[PDB]
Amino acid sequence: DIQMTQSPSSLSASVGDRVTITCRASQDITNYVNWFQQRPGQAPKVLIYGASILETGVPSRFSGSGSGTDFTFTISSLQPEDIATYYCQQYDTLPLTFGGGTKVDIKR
């Protein structure tokens, strides 16, 4: 359908680091991308929608960009609370496919 390739699949970094996650769509999805945060045992939580629109009450350290086939999710300055798996989801054409996830770990 529309394939979302997400990289890296895992990353470990330290607090205050910049974290960049990408998503490449199989075809032009314009800016129909959701970025979700999923803490363990939780349900994916909308961070960014419309590829670059931050959901109300989401720290400004999270940002997204791109259009077309290449999207970027940036965590400006990793904070101890950010441990989780991040996902991109295209909502352009059904089925609304998800990239593979990026497991973010924070080193002591």
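One rule holds for the numbers: they count along the sequence shown, beginning at 1.
**Student:** Averaging C-alpha B-factors over each stretch, which comes out higher, 20 to 28 or 80 to 88?
**Tutor:** The stretch with the larger average C-alpha B-factor is 20 to 28.
**Student:** Output the stretch having the higher mean C-alpha B factor in the entry; the candidates are 1 to 9 and 97 to 105.
**Tutor:** So the stretch with the higher mean C-alpha B-factor is 1 to 9.
**Student:** Quick one: which of 72, 37, 42, 52 shows the highest Cα temperature factor in the PDB entry?
**Tutor:** That would be 42, according to the entry.
**Student:** Name the third of the chain's ranked CA B-factors that contains residue 48, choosing lowest, middle or highest.
**Tutor:** Lowest third.
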